[PDB]
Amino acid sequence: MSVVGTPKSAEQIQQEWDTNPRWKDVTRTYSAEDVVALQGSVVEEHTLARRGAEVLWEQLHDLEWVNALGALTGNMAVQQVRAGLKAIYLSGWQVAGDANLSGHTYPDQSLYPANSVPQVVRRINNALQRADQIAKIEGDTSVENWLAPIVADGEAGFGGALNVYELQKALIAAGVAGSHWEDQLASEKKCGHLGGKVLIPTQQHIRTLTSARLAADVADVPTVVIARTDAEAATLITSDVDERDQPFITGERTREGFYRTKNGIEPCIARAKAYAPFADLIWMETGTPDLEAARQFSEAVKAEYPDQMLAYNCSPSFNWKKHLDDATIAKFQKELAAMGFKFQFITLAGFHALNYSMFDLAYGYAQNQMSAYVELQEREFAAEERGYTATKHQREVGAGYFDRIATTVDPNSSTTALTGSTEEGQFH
């Protein structure tokens, strides 16, 4: 029939694995023929997932470190990229709280439908693509790359290896660059800074990481795979079956059948070492923003895997000024970067920006009506000097871009949008 999307041969895949420095430190317990066997007779190209993953991998090695903020709407990502950031973090917490396909507000317990984060990945990419389209017709060259790589939350996979596989495939279809996966029991999944966490055995999380890599391999894109461990605070594990976990099993049980396990940095290091062959970046949740604890984890892992890159959650679940002085806060990310934490992210930044800004506006509006909104509008005008463009909201969402479509189709159209608008007449 056609040749579009013809799969590579197993030999080509193998050559890529054998010679591409992307795969230098990557262990795969399956073969290239196994990958090909699962690809059918046509492989869909995933342009944004490939481009994002390649850019992300190049950035993690060129930049001193890559940092990001949590984004839960498309407009949020656009502003993050407009303000200079070069990656986007897609928090599952934030999806649970304000952007998931159930319509409900949830705590961070894998309650929402498993295609929710992929939908937001696609949304963020759509929004960045629109900004990219608008910049082109506007001659705006101030942002080098609107298609910033997206690192998305795979939580605990929403089930078994096959649930992991499908979530990774959906993330890739939507244009993800990287995804992270934690060693928690999905049915009891928690945010890293909530209590009641239950670990799964070390080998079961290796299965998760293997499944996530397999899905990427089958989809033929070099997705960055991140392994997160929750062993610092978790005091429960599902089973003592894995000998790597037994040194921490205490013998105490729960009525659910769980096993108590000794928590802290020691089992995090062990698990991190075990995940390293399967992880492009390794991440340990911690209870406080502590540079020394971070350095201890960094050196224990790098003592065995010197080129292993790390990721660090700069969590709003910390009270920052309760633990650190301003001088430490200022240098915090820089100090982590020297330790090998090359991806650093404020997970819930979008939740807090969105809730605080609207509370502050609505509170003043309840008291002073228009005066309170004009304050915001004037702050927007004054922010144009810093590069802010969304004050002219019509062009920001593409009124001019769609006018260009309209006049490409019918140059004599008398129903274009921006001509005669208040934006053209009142905003300079």
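For every residue, the number given is its place in the sequence shown, counted from 1.
If you average the C-alpha B-factors over 374-382 and over 389-397, the higher value belongs to 374-382. Higher mean CA temperature factor, per the PDB entry, when comparing 135-143 with 161-169: 135-143.
The top Cα temperature factor in the record, among 186, 338, 90, 101, falls on 338. In the deposited coordinates, the residue among 153, 108, 292, 182 with the greatest CA B-factor is 292. Annotation for residue 297: C-alpha temperature factor in the highest third relative to the rest of the modelled chain, per the entry. Annotation for residue 66: C-alpha temperature factor in the highest third relative to the rest of the modelled chain, per the entry. In this PDB entry, residue 414 carries a Cα temperature factor that places it within the middle third of its chain's modelled residues.
The deposited CA B-factor of residue 193 belongs to the middle third of values across its chain. For residue 57, the recorded CA B-factor ranks within the highest third of the chain. Only modelled residues enter the ranking.
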